[PDB]
Every structure is written in structure tokens, then in C-alpha cells.
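Shown next, in C-alpha cells, is the structure this report addresses.
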Amino acid sequence: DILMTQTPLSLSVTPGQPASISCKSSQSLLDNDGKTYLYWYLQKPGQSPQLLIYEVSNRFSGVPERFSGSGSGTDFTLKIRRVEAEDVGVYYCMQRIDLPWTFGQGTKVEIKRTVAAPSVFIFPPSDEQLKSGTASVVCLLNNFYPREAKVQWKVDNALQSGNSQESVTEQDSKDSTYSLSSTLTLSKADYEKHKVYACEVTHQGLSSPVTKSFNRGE
Amino acid sequence: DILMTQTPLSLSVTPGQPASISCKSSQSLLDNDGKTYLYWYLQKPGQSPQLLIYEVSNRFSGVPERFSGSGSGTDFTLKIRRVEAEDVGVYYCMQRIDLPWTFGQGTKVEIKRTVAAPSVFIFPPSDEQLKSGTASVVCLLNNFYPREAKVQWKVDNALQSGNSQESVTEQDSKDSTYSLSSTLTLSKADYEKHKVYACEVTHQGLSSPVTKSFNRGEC
Amino acid sequence: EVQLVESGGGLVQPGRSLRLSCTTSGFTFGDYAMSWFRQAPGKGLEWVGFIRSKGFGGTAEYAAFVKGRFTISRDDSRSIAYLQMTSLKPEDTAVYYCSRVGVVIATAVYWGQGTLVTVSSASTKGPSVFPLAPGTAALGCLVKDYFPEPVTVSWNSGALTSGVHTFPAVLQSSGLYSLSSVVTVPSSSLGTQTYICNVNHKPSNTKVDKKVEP
Amino acid sequence: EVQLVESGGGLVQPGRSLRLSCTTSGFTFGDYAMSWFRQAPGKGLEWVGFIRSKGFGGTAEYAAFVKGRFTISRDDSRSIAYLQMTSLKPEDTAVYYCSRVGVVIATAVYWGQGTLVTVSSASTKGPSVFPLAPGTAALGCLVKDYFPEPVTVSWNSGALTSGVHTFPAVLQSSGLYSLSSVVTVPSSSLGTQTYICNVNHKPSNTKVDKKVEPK
Amino acid sequence: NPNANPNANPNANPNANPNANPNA
């Protein structure tokens, strides 16, 4: 198979600034017929892939002019002249000079906005859910940038490990922020054996960690 | 070039009876992909060519089942199992195994129908045309079959010659008849020197010749 | 929903040039080869050329009788195929057809209505329209002395099609064309229903709506 | 307009078969090669196969992971392309896309919306919905222990949309999915304004319209 | 090489007269 490697895998772009994405193929994409079978796709969040560039350098109809491609042989570059919010998503190159057709692994593009600290909320487990045998504790991080953040669960001052899961939204079109949930799951019995439940949030927009706490049953 | 020879060049079929049209190519139309590149087109009167059959024997979408094709190499046949009045027109075979793409000369398909005598109408020249110095008189033979018809202009019962021109429509697709126009053209002066203008029509559907006439400015 | 419209036909002097357009809609124009044909008055069909999709090189092929004179090109963004004709001869007089070549059914499948190109030294003339006044009654219109072909005739602005016979044009000794268009109507309708023949001769920009009265 | 619609996807047990359809409109289907792609949850794009127009022999090509098992077929009269899958494995779980391959642009140009195929031993299970009780307050609904994907969440029949964050599901160690949906509201509204999460799990025909009360 | 082309016969020499082929 032909290997297609994109660099970088992720790009944070100030609005209006350019972005460049490289694609390297393990073999030449120039066929004996003079055509070069390199194509560029964009998949917006929750959408099907859409074609941007065909044969290295040609714009599919209706694709904005700020998208351009260049390169030859084994090395190709996609350039976005002035990145907008609509350009957020994952960019793939694709070859079809050889079977199988293969894609690069994809380059994620997000908007780089000013730092925004998250709002933090903690939710104790439901009384309905406690009737069922499981306790779920939710910590919510709302409207923050950048996407990176450390969420730590502490139960009676003891750090929790391996019993929580995180989920993060796609970048918000309105303000270019993210939101995030971290869910601590314990059995009902383990939950009732402890008192203090806290999630601690570390983020670039916080000069000191933010802690949200509750005592079980209060 | 590859020559496409259709036989016959014209045909007249009784409706309901089958019709068969042969196409012979000077070279084989079989390609290396195993397909034979022979197509049948129909051009109806006043219309664009339309595809009937592709690759010898495949009906294009929406083509009636009474149309079928067959053949191998250089000999091909298009069969209309039950000719209908709507099938009147000119049928062409085409090859594209080679450049140039070449057609046959076309087979004109007339369909027969029972004899219909024409309805005859005569038209005197308008007043506006007589100002220009020219007189046009028109005799109309409408919705008749067969196409053979003898139209004769008589001016004060003198058989005219040389001053008339005929036009005939192609066979109608619903009723399968023809219509014919005969236009007598005379100078404004010669038109005022005579009085009774008449066109006399002889046709297989009429027991005897029918005459239609008028008098100069007489109603 | 596939539509193909030829345009650009008309009268052109021998030796001069003329470009025809084939304007399409209802399909991805660039994906298809487009082919040109022609039909001399009263003659059979002949292939003029085709042009491949740009995905197959976008090259064109030609019949020998147009080599070095006719050029076929395409505007994929406008969905238009062109037939550029030069050094036109009187033989070139024909209705020119454009057609979409299929991929599965890889012949000319969908055709336009055709555009008539008349190569002659004669000058353009508009037609005079004269009435052909009346169980079943017959009336019509005489469209006399025009050049070149063609004219279109409608009745009551397209509201009247049953019984219409528009005859083939005849070329008089005048060198100009003439025809008549007739219609059969109920005798009862005379005096209560009006009958207009709408003639148009685009080469001369002539537009006549002649009322035919008893 | 060119339209392609994938269908047939759903929950399939390993080793069983499943047929996907690509129903098309707006073009002469027979003239085009049709291609299938797939995307595992959270992964990149992967070519599965394509079938050529019968104008070029009508034959198909396939990816390595996919052969012996899958057959791509086409019905030119109905304008439908097919992906017939057999002996499915959990690793085949993906959204499957069909695509019209162009002639000028000889790659996958127009794509359908895709159809989710989930290969798993587990049984369909509706979710349990628990409340996340609350100058701006946060509340939500926890949608726990459902299978397979997807669930939808709205707030107040779709009237409340601002500040809503419905998080992507996470696969739990149990094999069941779980997500939460949250919304921020003005604290002045708590106690007088009614907030209801509308949870829909079509795979289990489960409709839950749970109201969230403050504590 | 040729079996990756979706818009051509993967067999060599599919037409005796390639210039007659508008779709290649």
C-alpha cells in the first residue's frame, strides 16, 4: 500500500491567518499519463467529507479561493490563506494512483482565540440513580479555550484514578470555546463510604486551580 | 471509412403487420470488449433523432417492446413487430467501432391506412397582397391517403400550366394522412383579366374529380 | 431533465466563420463527451465531431470533411459546447445537432432541437404575411417571400394546435421561400372566436401577428 | 441536484451478514462509478471499494481488509448501488459512506450522509435518564447505559437551544454508551421556568421527557 | 496500475480504434 503521512496532525490558527498542511506519500503520485492523483478532503464536524482540491492544484467548483494546493511527486501542501470558523474540521489527503486508495490520518484545524477560563460545576449523583446501585458524579467545564485542561477527582482528599471518563464538545461556532464533562463512577456502596467529593480544574485561564466540592447528603 | 448500407430505402407497411430493416456494414463492428457497436435511431417528422436500440439488440429506456434488433458482425436487422401510426419516420443505423462514426442512408417508413378522400378548400388572394402587384391563390387538400393526388388549376376553365407550386406535409403521426397545398401565382394584371378561378382535384378516394371555385370579388 | 439547446444558426456568407453554442442543463456537463452532427435539407444524418471530457484529455475528433476548418471546444464552467466553423461552403448548409454521449450507452443519446446554418451569398429578407380567409371550415396564413429558412408559425399564441398543418417551405423561382399554415376549425366558431397566426422570421427579426377574419 | 442516501445500517451480530444500499437521484446512475468508504468512530477515512460503470466492464475493486467477505453491486435500472457484507467482525463497526466518482474529477466527489453499522454481541438497551439538578446556573440530564448509538437530546421540545451542550457519548467499560446533556440558564428562572430534557433512543424505541428540578 | 482507475477498462487494449472511443 501507499502510505500517506500528514504533518502536523493538529493546527490552532488565529482567525484570518494562514494554515499549511503537508502530505507525504511513500511512492510518487505521478502516473504515466502525466496526471498526479493527489486529492484533498475536508470533513467538518458531524458532516460527510467534501472535496476541496483535485490533482494537486485544482479547486473543486464552489470551493473558496483561499484554498490552494501545490507540490509534486511525493510531497504536497494544502494552503488555507485566511482561516475562518467554517474551515474548522479534519483535512485529509488521498491518493488513487494505486490500489488501495489510501488517506492520510487527518489534520485537525481549530480556531485559535484568546484564552478563556472555564466555568466549573459539580453535580452529585441522583437519588433515582442511587436507588439503582450506581453513583455517577459529573463535573462540567463550560466555555473555555484552549481545549487542554486537567480535571482531577478527589474523594476524602484521595486522588481518584481509572474510574472517570471525559467528554469534550467540538469547538463552538459562536465563541470558539469548548465545553467538557468528566464523570466519576462508583458503586453505591463505595459512594456511601465517603464524605467529601471534589473535582479540581487546572486551565490556562486560571491563575489558581478551581475546586468544586460537595459533601454526600448535604 | 465504414459504409452502412440500409435496405430497403423506403417501405410502406400495413399497420399491425411487422416491418424489418436491414443494415449491412462494410466491416465488423465487434470490439475487443466483446460488445458490438451498432445503434438504431429513429427520426420522426419534425423531430430530433432518438435512440431506439443500442449494441445490436438492447432497447433504450422507454422504447416499446415491439421494437427489437438482432445481428452479428456486419449484418443487422431492426424489427418492428406490429407497426403503429406513431412509428412513421426515418430509421438510421449507426456504428462507432471506428472513426468516422457513420450512419446508413436511412429507411423511410410509411404506414398504410384506408383510403381517405381529401377535403378541398380554395382561397382567393387577399386585398393586401393585390396592392403589391402579385396574386396568390391557394388550394388545400386536407387529411387524405394515399399521397398521390392530381391538382389542376383552371382559370375561366382554361387548364393552367407553369404558375403553380405544391407542398405536402409528412405523414401525420395520429391519423397517417397527408395534406397538400397548391399555390397559383399570377401578376395582379393577369389576375384581373380573368374571373373564375378553380382547382380540380383527382384522387383515389373521390368517385370523380372534385372542383372548388370562386369568382373575383364576388362575396 | 437533461436539456440541450443549440443556438447561433442563421445566414452566413461563403468563406466566413460562424460559431454555434450547445447550452446544457440537468447534468454535470464536464463529465460527458459532447458530439456534433448535421443534416443537410432533405438528407440523412452525418457525424461532424465530438469532444471528450477533460477527465479523458478533453481532445476532439473530426470527420474528414471538417478537418482544418471546424473546431470543437467546451466551457465546463458555463456548461456550453462550441462548434467553431470557418471557411463555410454552401455544402455546409445543414441543421447542426449537439448531443450528450453516454458512458454505459456510449453513443449520442440526448439531442437538441438543432440549429439551421445557411451558407449562401443571397441577402436576408423578411416575409409578408397574408390571410387565407374561410360543418368544418378551413383558414390560414400565407407567409410569402422570405430568406433564409426558417419561420415559425403558431395559432392564437400556442393555444391552438389541433388541426394545424404548417407546410414545408417551397423555394420559388424568386429565390425566396414561401409557405402557408392552415387550420381546420368548427364553422360554428366563426365570428365568436378570433384566430391569429403568429409568424416569426428570426434572421430578419420579423414578428407579425395577422388576424384572420371571415 | 445530486443526491445519495445510504441505508441498511444498524446493529449486527458478529459473523452475520448485512446489505447497505446507496439510493441515488439527480443523475444518470449507470454512467458513474460508485465507491464505498467507512469511518470507525473517532478514526480517519478508509476506502472500502468501488464498482465501475458497465461502460467499462462494470467490475469492482476492494480494500485488503474487506475481500472475500464484501461484494459491491449495482442496479442501473433502479439507480441503486449495493454493499453486501458477510462475516462481519467488531472491527467493521463504522459509518459507511457511498460516493459518486466523477469523470473530470476521477475521485469520490459527492458523498451521502452515511449509515452507522455496529457489529457487536451486545443487545439493544434503552437508556436510563437521571437529572443533574442545579448569575447563571447549570443543569442537565445524564443519559446512562444505552446501546447502540445514537441517542438524541433536546430541551423543552427544541425551544431551548442556547447554552445547550450535548456531549459525545463515551463507551463505558461495560460495553454500553453514556452521555450527558447540559444547559446554562439564568438563576432568576429556576423555580418558575420548566426545564425538560427530551431523550430519544430510536434503536430501542425509547422516549424519555424528564423534567429537572432544583435542589 | 490500471485496476486503481475507476473510469477505464482495467484490461489492456479494450478498443481496436481508441480515437473512436469518446470515453477514453
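Identifiers in the C-alpha cells: chain A, B, ... in order shown; residue index from 1 per chain; ligand index from 1 in order shown.
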Applying 7 Å and only C-alpha atoms, which residues near residue 84 of chain D remain after dropping the ones on its own chain fewer than 2 positions away? List them as a count of residues only. 8
Taking the DSSP secondary structure from the backbone, can you list the residues of segment 39-202 of chain A that are strand (DSSP E), as a PyMOL selection string? chain A and resi 39-43+50-54+58-59+67-72+75-80+89-95+102-103+107-111+119-123+134-144+150-155+158-159+164-168+178-187+196-202
Nearby residues (only C-alpha atoms) at most 9 Å from residue 190 of chain D, same-chain spacing under 5 positions excluded, as number ranges by chain: D: 134, 137, 185, 195, 213-214
Taking only C-alpha atoms into account, report as a PyMOL selection string which residues of chain D lie within 12 Å of chain E. chain D and resi 31-35+47+49-63+100-108
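Interface residues of chain B facing chain D, defined by any atom at most 12 Å away and using only C-alpha atoms, are residues 32, 33, 34, 35, 55, 60, 61 and 62 of chain B.
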Contacts of segment 144-156 of chain C at 9 Å (only C-alpha atoms; same-chain gap of 5+ positions) as JSON, numbers by chain: {"C": [10, 11, 116, 117, 118, 120, 122, 123, 124, 125, 126, 127, 128, 129, 130, 161, 164, 166, 169, 171, 172, 174, 175, 176, 177, 178, 179, 180, 181, 183, 194, 195, 196, 197, 198, 199, 200, 201, 202, 203, 204]}
Contacts of residue 87 of chain C at 7 Å or less, counting only C-alpha atoms, minus same-chain residues fewer than 3 places along, as a PyMOL selection string? chain C and resi 14-17+69
Quick one: which residues from chain B are at most 6 Å off chain C, using only C-alpha atoms, as a list in words? residues 48, 100, 105, 123 and 169 of chain B
For residue 39 of chain A, work out the shell of residues within 12 Å, counting only C-alpha atoms and skipping chain neighbours fewer than 2 positions away, then give it as a ChimeraX atom specification. /A:4,23,29,35-37,41-42,50-60,68-71,76-78,91-97,101-104 /D:105-109
Using only C-alpha atoms, find which residues of chain D lie within 6 Å of chain A and jot them down as a list in words. residues 44, 63, 113, 132 and 167 of chain D
Selection to disk with N, CA, C and O atoms, as an mmCIF file, in the first residue's frame:
data_model
loop_
_atom_site.group_PDB
_atom_site.id
_atom_site.type_symbol
_atom_site.label_atom_id
_atom_site.label_comp_id
_atom_site.auth_asym_id
_atom_site.auth_seq_id
_atom_site.Cartn_x
_atom_site.Cartn_y
_atom_site.Cartn_z
ATOM 1 N N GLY D 44 -10.041 7.877 11.143
ATOM 2 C CA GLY D 44 -9.980 8.548 9.862
ATOM 3 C C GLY D 44 -10.854 7.879 8.813
ATOM 4 O O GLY D 44 -11.624 6.962 9.091
ATOM 5 N N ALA D 63 -10.767 -3.098 -0.869
ATOM 6 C CA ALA D 63 -9.650 -2.972 0.053
ATOM 7 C C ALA D 63 -9.225 -4.353 0.569
ATOM 8 O O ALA D 63 -9.941 -5.349 0.435
ATOM 9 N N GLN D 113 -24.868 10.941 3.414
ATOM 10 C CA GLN D 113 -24.745 11.243 4.841
ATOM 11 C C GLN D 113 -24.120 10.111 5.647
ATOM 12 O O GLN D 113 -23.683 10.348 6.781
ATOM 13 N N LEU D 132 -29.395 16.104 36.411
ATOM 14 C CA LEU D 132 -28.260 16.802 37.011
ATOM 15 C C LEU D 132 -28.831 18.117 37.531
ATOM 16 O O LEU D 132 -28.917 19.106 36.802
ATOM 17 N N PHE D 167 -22.906 16.322 25.048
ATOM 18 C CA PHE D 167 -21.570 15.788 24.854
ATOM 19 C C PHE D 167 -21.616 14.496 24.046
ATOM 20 O O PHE D 167 -22.571 13.723 24.146
#
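Residue-level contacts from chain C to chain E at 7 Å, counting only C-alpha atoms, read residues 33, 52, 56 and 103 of chain C.
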List every residue of segment 101-136 of chain A that has an atom at most 6 Å from any atom of segment 7-19 of chain A, giving for each one its closest atom pair and the distance in Å to one decimal, counting only C-alpha atoms, sorted by chain and then by ascending residue number, as CSV.
residue,atom,partner,partner_atom,distance
A:107,CA,A:9,CA,4.3
A:108,CA,A:10,CA,4.6
A:109,CA,A:11,CA,4.8
A:110,CA,A:12,CA,5.1
A:111,CA,A:13,CA,5.1
A:112,CA,A:14,CA,4.5
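Proximity of A:65, A:132, A:74, A:157 to residue 144 of chain D, computed with only C-alpha atoms, is greatest for A:132.
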Show me, as a PDB file with N, CA, C and O atoms, in the first residue's frame, the residues of chain C whose atoms get within 9 Å of chain D, using only C-alpha atoms for the distance check.
ATOM      1  N   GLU C   1     -34.798  15.485 -17.408  1.00  0.00           N
ATOM      2  CA  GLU C   1     -34.371  16.839 -17.059  1.00  0.00           C
ATOM      3  C   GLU C   1     -33.105  17.248 -17.807  1.00  0.00           C
ATOM      4  O   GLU C   1     -32.632  18.374 -17.656  1.00  0.00           O
ATOM      5  N   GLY C  26     -29.157  20.119 -16.347  1.00  0.00           N
ATOM      6  CA  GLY C  26     -29.681  18.868 -15.843  1.00  0.00           C
ATOM      7  C   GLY C  26     -28.683  17.743 -15.691  1.00  0.00           C
ATOM      8  O   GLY C  26     -29.103  16.594 -15.497  1.00  0.00           O
ATOM      9  N   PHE C  27     -27.383  18.024 -15.782  1.00  0.00           N
ATOM     10  CA  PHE C  27     -26.349  17.012 -15.587  1.00  0.00           C
ATOM     11  C   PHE C  27     -25.013  17.723 -15.424  1.00  0.00           C
ATOM     12  O   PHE C  27     -24.886  18.919 -15.701  1.00  0.00           O
ATOM     13  N   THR C  28     -24.017  16.977 -14.951  1.00  0.00           N
ATOM     14  CA  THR C  28     -22.673  17.517 -14.752  1.00  0.00           C
ATOM     15  C   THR C  28     -22.017  17.580 -16.124  1.00  0.00           C
ATOM     16  O   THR C  28     -21.506  16.579 -16.631  1.00  0.00           O
ATOM     17  N   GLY C  30     -19.331  18.670 -17.444  1.00  0.00           N
ATOM     18  CA  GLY C  30     -17.936  18.301 -17.625  1.00  0.00           C
ATOM     19  C   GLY C  30     -17.674  16.811 -17.633  1.00  0.00           C
ATOM     20  O   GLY C  30     -16.644  16.379 -18.158  1.00  0.00           O
ATOM     21  N   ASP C  31     -18.585  16.008 -17.083  1.00  0.00           N
ATOM     22  CA  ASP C  31     -18.344  14.570 -17.028  1.00  0.00           C
ATOM     23  C   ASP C  31     -18.518  13.886 -18.382  1.00  0.00           C
ATOM     24  O   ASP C  31     -18.021  12.769 -18.563  1.00  0.00           O
ATOM     25  N   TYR C  32     -19.166  14.531 -19.353  1.00  0.00           N
ATOM     26  CA  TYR C  32     -19.606  13.861 -20.573  1.00  0.00           C
ATOM     27  C   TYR C  32     -18.871  14.355 -21.815  1.00  0.00           C
ATOM     28  O   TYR C  32     -18.534  15.536 -21.933  1.00  0.00           O
ATOM     29  N   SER C  53     -14.550  14.472 -22.420  1.00  0.00           N
ATOM     30  CA  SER C  53     -14.461  15.118 -21.121  1.00  0.00           C
ATOM     31  C   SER C  53     -13.009  15.472 -20.830  1.00  0.00           C
ATOM     32  O   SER C  53     -12.079  14.804 -21.295  1.00  0.00           O
ATOM     33  N   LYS C  54     -12.813  16.541 -20.053  1.00  0.00           N
ATOM     34  CA  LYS C  54     -11.459  16.883 -19.625  1.00  0.00           C
ATOM     35  C   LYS C  54     -10.837  15.756 -18.812  1.00  0.00           C
ATOM     36  O   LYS C  54      -9.608  15.630 -18.763  1.00  0.00           O
ATOM     37  N   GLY C  55     -11.658  14.918 -18.182  1.00  0.00           N
ATOM     38  CA  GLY C  55     -11.102  13.773 -17.479  1.00  0.00           C
ATOM     39  C   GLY C  55     -10.484  12.723 -18.383  1.00  0.00           C
ATOM     40  O   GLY C  55      -9.786  11.835 -17.882  1.00  0.00           O
ATOM     41  N   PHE C  56     -10.739  12.791 -19.691  1.00  0.00           N
ATOM     42  CA  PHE C  56     -10.117  11.898 -20.663  1.00  0.00           C
ATOM     43  C   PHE C  56      -9.246  12.679 -21.645  1.00  0.00           C
ATOM     44  O   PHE C  56      -9.046  12.252 -22.784  1.00  0.00           O
ATOM     45  N   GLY C 102     -23.343   9.059 -23.954  1.00  0.00           N
ATOM     46  CA  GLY C 102     -23.409   8.318 -22.713  1.00  0.00           C
ATOM     47  C   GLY C 102     -22.107   7.606 -22.413  1.00  0.00           C
ATOM     48  O   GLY C 102     -21.176   7.587 -23.222  1.00  0.00           O
ATOM     49  N   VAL C 103     -22.050   7.019 -21.210  1.00  0.00           N
ATOM     50  CA  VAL C 103     -20.897   6.229 -20.785  1.00  0.00           C
ATOM     51  C   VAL C 103     -21.245   4.746 -20.911  1.00  0.00           C
ATOM     52  O   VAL C 103     -20.582   4.019 -21.655  1.00  0.00           O
ATOM     53  N   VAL C 104     -22.291   4.284 -20.205  1.00  0.00           N
ATOM     54  CA  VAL C 104     -22.840   2.944 -20.443  1.00  0.00           C
ATOM     55  C   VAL C 104     -23.280   2.807 -21.884  1.00  0.00           C
ATOM     56  O   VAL C 104     -22.823   1.917 -22.610  1.00  0.00           O
ATOM     57  N   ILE C 105     -24.255   3.631 -22.275  1.00  0.00           N
ATOM     58  CA  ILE C 105     -24.762   3.648 -23.643  1.00  0.00           C
ATOM     59  C   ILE C 105     -23.936   4.701 -24.368  1.00  0.00           C
ATOM     60  O   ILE C 105     -24.268   5.888 -24.394  1.00  0.00           O
ATOM     61  N   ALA C 106     -22.827   4.250 -24.943  1.00  0.00           N
ATOM     62  CA  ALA C 106     -21.745   5.144 -25.334  1.00  0.00           C
ATOM     63  C   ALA C 106     -21.903   5.618 -26.782  1.00  0.00           C
ATOM     64  O   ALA C 106     -20.981   5.546 -27.605  1.00  0.00           O
TER      65      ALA C 106
END
Which residues are near residue 102 of chain B? Cut-off 8 Å, only C-alpha atoms, ignore same chain within fewer than 2 positions. Put them as a PDB file with N, CA, C and O atoms, in the first residue's frame.
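Result went into part28.pdb, see below:
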ATOM      1  N   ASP B   1     -13.223   4.424 -44.606  1.00  0.00           N
ATOM      2  CA  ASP B   1     -14.454   4.552 -43.839  1.00  0.00           C
ATOM      3  C   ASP B   1     -15.277   3.283 -43.884  1.00  0.00           C
ATOM      4  O   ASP B   1     -15.195   2.507 -44.838  1.00  0.00           O
ATOM      5  N   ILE B   2     -16.094   3.104 -42.850  1.00  0.00           N
ATOM      6  CA  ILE B   2     -17.053   2.011 -42.786  1.00  0.00           C
ATOM      7  C   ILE B   2     -18.366   2.482 -43.394  1.00  0.00           C
ATOM      8  O   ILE B   2     -18.926   3.503 -42.974  1.00  0.00           O
ATOM      9  N   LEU B   3     -18.857   1.733 -44.377  1.00  0.00           N
ATOM     10  CA  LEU B   3     -20.087   2.060 -45.084  1.00  0.00           C
ATOM     11  C   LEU B   3     -21.248   1.304 -44.453  1.00  0.00           C
ATOM     12  O   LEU B   3     -21.136   0.108 -44.170  1.00  0.00           O
ATOM     13  N   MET B   4     -22.352   2.003 -44.215  1.00  0.00           N
ATOM     14  CA  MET B   4     -23.568   1.403 -43.677  1.00  0.00           C
ATOM     15  C   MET B   4     -24.631   1.433 -44.765  1.00  0.00           C
ATOM     16  O   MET B   4     -25.083   2.509 -45.173  1.00  0.00           O
ATOM     17  N   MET B  94     -26.259   3.173 -37.031  1.00  0.00           N
ATOM     18  CA  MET B  94     -25.009   3.888 -36.803  1.00  0.00           C
ATOM     19  C   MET B  94     -23.994   2.945 -36.177  1.00  0.00           C
ATOM     20  O   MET B  94     -24.344   2.075 -35.372  1.00  0.00           O
ATOM     21  N   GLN B  95     -22.739   3.111 -36.572  1.00  0.00           N
ATOM     22  CA  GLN B  95     -21.621   2.388 -35.998  1.00  0.00           C
ATOM     23  C   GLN B  95     -20.674   3.388 -35.357  1.00  0.00           C
ATOM     24  O   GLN B  95     -20.546   4.530 -35.819  1.00  0.00           O
ATOM     25  N   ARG B  96     -20.003   2.959 -34.277  1.00  0.00           N
ATOM     26  CA  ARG B  96     -18.885   3.767 -33.810  1.00  0.00           C
ATOM     27  C   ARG B  96     -17.683   2.910 -33.410  1.00  0.00           C
ATOM     28  O   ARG B  96     -16.864   3.345 -32.594  1.00  0.00           O
ATOM     29  N   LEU B  99     -13.496   5.595 -36.401  1.00  0.00           N
ATOM     30  CA  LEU B  99     -13.666   6.945 -36.929  1.00  0.00           C
ATOM     31  C   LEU B  99     -13.598   6.923 -38.453  1.00  0.00           C
ATOM     32  O   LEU B  99     -12.759   6.223 -39.027  1.00  0.00           O
ATOM     33  N   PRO B 100     -14.467   7.667 -39.149  1.00  0.00           N
ATOM     34  CA  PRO B 100     -15.560   8.461 -38.584  1.00  0.00           C
ATOM     35  C   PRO B 100     -16.750   7.594 -38.179  1.00  0.00           C
ATOM     36  O   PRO B 100     -16.945   6.542 -38.786  1.00  0.00           O
ATOM     37  N   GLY B 104     -26.157   4.834 -41.822  1.00  0.00           N
ATOM     38  CA  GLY B 104     -26.758   4.415 -43.068  1.00  0.00           C
ATOM     39  C   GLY B 104     -27.536   5.552 -43.705  1.00  0.00           C
ATOM     40  O   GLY B 104     -27.694   6.629 -43.138  1.00  0.00           O
TER      41      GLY B 104
ATOM     42  N   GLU C  46     -25.228  12.871 -40.557  1.00  0.00           N
ATOM     43  CA  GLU C  46     -23.784  12.680 -40.598  1.00  0.00           C
ATOM     44  C   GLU C  46     -23.148  13.221 -39.324  1.00  0.00           C
ATOM     45  O   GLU C  46     -23.583  14.236 -38.769  1.00  0.00           O
ATOM     46  N   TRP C  47     -22.098  12.529 -38.883  1.00  0.00           N
ATOM     47  CA  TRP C  47     -21.328  12.920 -37.711  1.00  0.00           C
ATOM     48  C   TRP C  47     -20.314  13.993 -38.084  1.00  0.00           C
ATOM     49  O   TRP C  47     -19.593  13.852 -39.074  1.00  0.00           O
TER      50      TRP C  47
END
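Here the question is which of B:78, B:180, B:51, B:97 gets nearest to chain E using only C-alpha atoms, and that residue is B:97.
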Run DSSP on the backbone and tell me which residues of segment 16-189 of chain A come out as alpha helix (DSSP H); list them as a ChimeraX atom specification. /A:127-130,188-189
Residues from the last selection, N, CA and C atoms, saved as a compact mmCIF listing (two decimals), in the first residue's frame:
# COMPACT_ATOMS: atom_id res chain seq x y z
N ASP A 127 -30.68 10.85 43.29
CA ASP A 127 -31.33 9.94 44.22
C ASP A 127 -32.03 8.80 43.49
N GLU A 128 -32.59 9.06 42.30
CA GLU A 128 -33.12 7.97 41.49
C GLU A 128 -32.01 6.99 41.12
N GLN A 129 -30.86 7.50 40.67
CA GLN A 129 -29.76 6.62 40.30
C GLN A 129 -29.22 5.86 41.49
N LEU A 130 -29.22 6.48 42.68
CA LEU A 130 -28.74 5.78 43.86
C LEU A 130 -29.63 4.60 44.22
N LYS A 188 -22.76 2.21 44.49
CA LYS A 188 -23.48 2.91 45.56
C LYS A 188 -22.78 2.71 46.90
N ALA A 189 -22.26 1.50 47.14
CA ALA A 189 -21.62 1.21 48.42
C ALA A 189 -20.37 2.05 48.62
